[PDB]
Every structure is written in C-alpha cells, then in structure tokens.
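Single chain ahead, written as structure tokens, the form deposited in one PDB entry.
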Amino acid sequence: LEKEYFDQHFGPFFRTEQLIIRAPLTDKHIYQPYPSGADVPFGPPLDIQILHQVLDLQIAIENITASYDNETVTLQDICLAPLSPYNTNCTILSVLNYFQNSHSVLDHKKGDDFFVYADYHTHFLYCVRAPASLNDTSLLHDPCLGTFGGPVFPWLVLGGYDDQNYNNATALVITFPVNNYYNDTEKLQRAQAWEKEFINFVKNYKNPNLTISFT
C-alpha cells in the first residue's frame, strides 16, 4: 500500500527521503474522547511529548542547509512543492502535518472543569479517517490538510498498527519527496549536496527518547 503511492506520484521523477521513528522509552496510554467516552489505546509514539520532539526533528530537517558553489541550498530549493508559487511549502508526509507542523496546533485544547471536548487525540482520530478535511467538526474545528495543501494518508505515515486502528501505531513514518532532476545535472548536484547533510544530521541526531532509522 506504500509503493503504490511512490510509484503513482513520485518515482522516477521524485526521490524520497524517509525516516522511521520509534519511542523505545515511552508507554502506550489510553484516552477517552468526548462524547462517547470509549477507551481508545494510543501507541508509544503518539504520546504528546514524543510528538513535540518528533516535530522538533522535522522542523530541524526543514531548516537544514548545504553549501554548493557560492549558494546555500535549502530543502525548499529542491523539494516537491505541489502548490508553488502560490504555496511554497514542501510536501511532508508526516502525522505532524495533521497539525500543520505546528507546536501550538498540536497543543490546541478545548476543555473546562468537567470535560476535555477536543485535543490532539480527537483531531488525530478524525483526521486519519478524513485526511482531506478542512474542519474536524470538533469544538476546535482544526483542519486536517498538510501545510503543502494536500491530504496525508494515515497508512503512509504510520506503522505497526492492526487493521485500520491507526491509533495503535508503534512507528511514525516521515517522508520528504525530493526532485530527482534526472533531466538536469546542475540541480541534481545541489540536491545531492543537501542530501549528504541530511543523512549525516539524521544519523547522529541525539535524543534517547527517539529511535530514528531509515528505509
């Protein structure tokens, strides 16, 4: 279900940078969304503190620069930005994009002395069912669309879950599509320079709360 996606839109015109993130030191937990109050299990990497740290990693990757000739190459120079120029945000396939890659959106909470009516849990549960939504129907009414202006399908950014119970995920998948530039050597050079810096950053990213791998 994953290669179908990289073979329909990306390859061979787009290369993919991909990370698998686990949270080896974090317990799963159980949450009750308003108004049904049923017990919903949430996997270790869907802990709120883990998600803020994964988003720290993801934002740092977006900020990674590489030197090439006299230029500073950014990911924005070489990335699939589907809604350019209009919207220059790089496509990031990540569970964090349900919150538009924002710390404050991730922390959005509507509650009182009695209930928590809406939070990241309920936004997650809704968004994985309707990734193209502009309004999660909750009291927070937050959108589901990624910052690049398109849907993030749950089976591309999660792993280790049973059936369609995405909330049971034990791994996060983060995918950065990058232009292959097969037609263009000079852009390719710049893309490869950025890539070398990204591999090195991610392979020695120091955070014992996270286990970051490739493939």
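Residue numbers run from 1 along the displayed sequence. For the two forms, the rigid core is made up of the largest set of C-alpha atoms that agree within 1.5 Å on superposition. Shifts are known only where both forms have a C-alpha.
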Which of the two stretches, 119-127 or 80-88, shows the higher mean Cα temperature factor in the record?
-> 80-88
Of 173-181 vs 57-65, the stretch with the larger average CA B-factor in the entry is 173-181
Sort the modelled residues of this chain by their C-alpha B factor and say whether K28 lands in the lowest, middle or highest third.
-> highest
Third assignment of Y205 from its chain's C-alpha B-factors | middle
Among the chain's modelled residues, which third holds the C-alpha B-factor of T72?
-> highest
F148: C-alpha B-factor third of its chain, per the entry, is the middle
Thinking about Cα B factors across the chain, which third does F42 belong to?
-> lowest
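If you look for the form deposited in another entry, you will not find it shown, but the lines that follow are about it.
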Shift test between the shown form and the other one (rigid core reference, C-alpha, 2 Å or more cutoff) over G159, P44, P154, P33 hits only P33
Moved runs of 3+ residues, each with a C-alpha displacement of 2 angstroms or more between the shown form and the other one on the rigid core | 33-37, 113-115
